[PDB]
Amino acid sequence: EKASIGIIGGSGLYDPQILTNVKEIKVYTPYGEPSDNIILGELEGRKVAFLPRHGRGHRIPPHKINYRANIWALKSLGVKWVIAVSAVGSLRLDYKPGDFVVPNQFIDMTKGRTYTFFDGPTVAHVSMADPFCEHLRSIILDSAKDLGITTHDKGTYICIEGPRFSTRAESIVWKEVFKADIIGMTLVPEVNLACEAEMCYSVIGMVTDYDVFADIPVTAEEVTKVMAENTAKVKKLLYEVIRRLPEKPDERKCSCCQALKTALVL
């Protein structure tokens, strides 16, 4: 009924043969219900919570995910580290399908989501100049290097509304104009909320395809396919990362861990 590490990804990242106290729980939140029941497990004495953002059978599209419930639920369990795993399209020929990316920045191009837990009467404006948690980013990168997994160490993730994929003119713009490196649909508001909940959050992006600006454009089908072929990789990465996580992130290396001290308008 407690966990310090939260894993938000796809189904199956859950490895039942390496996690000990499995347990499934349902948590009610002031925002309705999470994408699914949360799976609690133990890994080397580390209490972990798995929450597939699309639900177990991938029934919830990006624009319908109850992001507030998911992040709130994790927070209510005591989660401090959140490792978010996401399939992403690449906007540069050197970030190739199969490669991983641990972005350090994002650009929000979503349109009708709920972006914050603060709707009033308490107004807060969290700083997100460096939106991700550096502590978790470097452990993920350290682990990726030891495991020999190709992983770019920086990158700007442009989050679009979806569900449809980008138009070729849009994609040229994301790449040439906004200078984004990778593209997806679920980062925002997940990352905003995790920050406002003062969690140390980082995303591992798995490059599935070149976006549009390429040879044979992105299909929902090729994404699901390349994903499977690299799910095994992230599971290894994931577990190795969890094995190395200190009990709490270092505040000096966590931009959002004290986000609220300076974000409330008083």
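In this text, residue numbers run from 1 along the sequence as written.
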item: Selected stretch [higher average CA B-factor]: 102-110 or 178-186; value: 178-186
item: Mean C-alpha B-factor comparison - 253-261 and 8-16, higher one; value: 8-16
item: Candidate set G205, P34, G41, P61 [ranked by C-alpha B-factor, highest]; value: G41
item: Top residue by Cα temperature factor, when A197, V241, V212, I65 are compared in the entry; value: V212
item: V223 - which third its CA temperature factor falls in, relative to the rest of the chain; value: highest
item: Assigned third (lowest, middle, highest) for the C-alpha B factor of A69; value: lowest
item: Within-chain third of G55 by Cα B-factor, per the entry; value: middle
